[PDB]
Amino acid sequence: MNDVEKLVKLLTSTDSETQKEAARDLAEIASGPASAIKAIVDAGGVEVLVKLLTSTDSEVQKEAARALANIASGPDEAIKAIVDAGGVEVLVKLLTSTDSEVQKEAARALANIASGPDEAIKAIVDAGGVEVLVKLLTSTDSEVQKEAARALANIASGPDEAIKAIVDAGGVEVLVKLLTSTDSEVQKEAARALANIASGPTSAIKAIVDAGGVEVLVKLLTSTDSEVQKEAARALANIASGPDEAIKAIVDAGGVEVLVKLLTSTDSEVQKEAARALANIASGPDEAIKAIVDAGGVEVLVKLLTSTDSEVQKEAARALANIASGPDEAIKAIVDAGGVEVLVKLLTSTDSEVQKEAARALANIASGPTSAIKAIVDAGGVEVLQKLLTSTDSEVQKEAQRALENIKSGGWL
């Protein structure tokens, strides 16, 4: 028997001390390379460790949990071992322990498990783990509270059943309160959680909106930490892709001007998430469009049209097409920002989506005032649009057609 095996054997000793020392050494190993975590699994350490989770020695528990938690950070193979060994159900019980040091390792273990496949997340949910974890979000031990938030955030990045569990357990309200926490880590986790939740079904986005999360998230966009901003912007973008009521919430909370500001962040993710949110918001009702225009959004979005970041460019193009399908005021805005000329150049982009969105925005602008139709004209748009009538992209095609008819019919539709 090798180093590892002798340890696994040394785990079932009648002497508690010998025992705790074996869990400590396996834990240390589990914190190394993946290959080492496999060495334990093979030796059969996972099953043994899980039995010690029910020891009557709160300390023997702690050392075995820490060992599992560290094994749970390895590959899926390891995570399944714990699950198969029936570890999730147990760890879940340890969540309610009196020894806070058992809670921390149990929660950390569970959280590391929730970062695995959707199956592992199903297991935690099926084991009634969510509601318990939701209670730990208010624990008095900063560390237990952090592992819990991280656990829920991971579960929220899984099946809808998972998201619904959190929502149907009062979780959203609790996470939204954690947004205004004091611990950097707790706050970031809660923000990630909600963005993960906001990317689910409408029930989910509505739950976040009804708990007043939007206002809070809008305030988070002003954090001085790009890492926190990403999550907030992302959560807001996911909320904005929701129904019209969700959009109105963002608008009313003043989210639009704040997002317009974040459109020039030097952090690419913040910038992308911001553009996506505005793109989503611009797909809502007229007033939402108004808000972008009144916040100076159009001029900014126009500059982002030449962003060397393909993702950012795509969201700006989409945002501008959507804004362009609004009232003539919205159209005059794009025209005044120099937008037409830029879009005309974008009609021949090699990126299918940038192109399509450009075609769409020029078609929408082509159905506006005489000044708008002329702006296109002057930019040499008729020509560039015609060449497009014979492209493989059915969508680009339809938009070029639509754009040209609108020009010929002097706007009349």
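Residue positions are given as counts along the sequence shown, with the first one as 1.
Student: 255-263 versus 92-100: which one carries the higher mean Cα B factor per the record?
Tutor: The entry gives the higher C-alpha B-factor average to 92-100.
Student: If you average the Cα B factors in the entry, which is higher, 273-281 or 204-212?
Tutor: Per the PDB entry, the higher value belongs to 204-212.
Student: Tell me which of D286, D126, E147, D160 tops the list for C-alpha B factor in the record.
Tutor: It is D160.
Student: Which is it among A295, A114, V340, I82: the one with the largest CA B-factor in the entry?
Tutor: Within the set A295, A114, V340, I82, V340 shows the top C-alpha B-factor.
Student: When the modelled residues of the chain are sorted by Cα temperature factor, does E131 land in the lowest, middle or highest third?
Tutor: Ranked within chain, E131 CA B lands in the middle tercile.
Student: With respect to C-alpha B-factor, does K290 fall in the lowest, middle or highest third of the chain as deposited?
Tutor: Middle third - that is where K290 ends up once the chain's C-alpha B-factors are sorted.
Student: Relative to the other modelled residues in the chain, which third contains the C-alpha temperature factor of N364: lowest, middle or highest?
Tutor: For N364, the deposited C-alpha B-factor lands in the lowest third.
Student: Using the B-factor values recorded in the entry, state whether the Cα atom of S223 falls in the lowest, middle or highest third among the modelled residues of its chain.
Tutor: Lowest third of the chain for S223's C-alpha B-factor.
Student: Lowest, middle or highest third of the chain for the C-alpha temperature factor of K177?
Tutor: Top third by C-alpha B-factor.
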